[PDB]
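One chain follows as structure tokens, the form deposited in one PDB entry.
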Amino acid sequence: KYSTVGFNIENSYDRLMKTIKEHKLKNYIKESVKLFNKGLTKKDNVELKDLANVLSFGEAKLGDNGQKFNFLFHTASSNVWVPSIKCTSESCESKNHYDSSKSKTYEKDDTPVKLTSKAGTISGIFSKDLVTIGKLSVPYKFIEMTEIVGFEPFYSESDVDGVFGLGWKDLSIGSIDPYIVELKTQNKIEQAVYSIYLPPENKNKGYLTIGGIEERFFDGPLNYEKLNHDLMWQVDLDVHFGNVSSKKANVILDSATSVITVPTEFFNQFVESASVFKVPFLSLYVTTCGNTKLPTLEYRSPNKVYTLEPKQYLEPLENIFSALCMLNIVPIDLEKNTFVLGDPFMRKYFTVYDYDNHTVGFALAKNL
């Protein structure tokens, strides 16, 4: 009904399987687990980086000759970003390039932009052209990147060329609205809204629907929560995991994060006497799939609580050990009292991101 596009996901389960194969870790995990079960055991650090799922799609096009690109979706950035044919860096060499001279619809803007991050540095310029996905279209100001430094095992090894922002945060000062806001402005869609539908039975797929609430994706009502930040898909919620709880937490919806995160303190209380096993030397917390002590996780707002049963926050690891599962929950300290809801939450809740109203909505996904 509304324009929907599918995107691929490389998730942390996949990357963990790759590590396991790379380093021949299966039997090690299996024997450590067997040790825990006997139970002959007990007797630090992961990176927000490592928790990133890659959400990518290849059908967005720039300019009227439809220059093809592979984009990953970024839920915090408001900009779209693409390697310039002028790009200086060796990173750019294997990538698809935007060549403004080849489009009749390009309009020069040339305002320079610069991103400086821990992970790396991006320099470029604003350029204006048609940006299409693929039902939808709008002349749009995006960053043409002229230099890319860092980001640098991922970028080269990825087939990703650029970033397509589904967030709020614009690097310009030119008040370039998000691509989805721009769509609504030029009347390509009725509302500056999109939704994420992550099908529960295909962890390598998600769907983005733009400009409308597609009823086929969900059962029951949609509950909306007000953003608690001008520029973040982030909401106030009391979080309860068993008897471990934190009031007025900050909870970011980020379907590009591969897991549920919790502060490290909070997690330690959670996992104590939950009979969950931390495999030595690996960032891998493991438990039996039927673990009868694992609680329903609760995210409570004044008028709705969002929950996740063990079934939705564990990942079977049966290709390692029968009835083994891993915890899809990672202890990580961001700002005080900040939690993120990533892929596992969104496998249960169809989610709606409403730029016009500064709301996020949730409904019980269908199994499609």
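Just count from 1 along the sequence shown to find any residue number. We call the rigid core whatever largest set of C-alpha positions still superposes within 1.5 Å between the two forms.
The discussion below concerns the form deposited in another entry, not included here.
- Once the core is superposed between the shown form and the other one, every option in 252, 171, 289, 136 stays below 2 Å in C-alpha shift except 171.
- Core-superposed comparison between the shown form and the other one: CA of residue 98 displaced by 2 Å or more.
- After superposing the rigid core, the C-alpha of residue 307 moves by less than 2 Å between the shown form and the other one.
- Core-superposed comparison between the shown form and the other one: CA of residue 228 displaced by less than 2 Å.
- Between residue 242 and residue 283, the Cα distance is smaller in that other deposited form than in this structure, by no less than 3 angstroms.
- Compared with the form shown here, the C-alpha atoms of residue 242 and residue 281 sit at least 3 Å closer together in that other deposited form.
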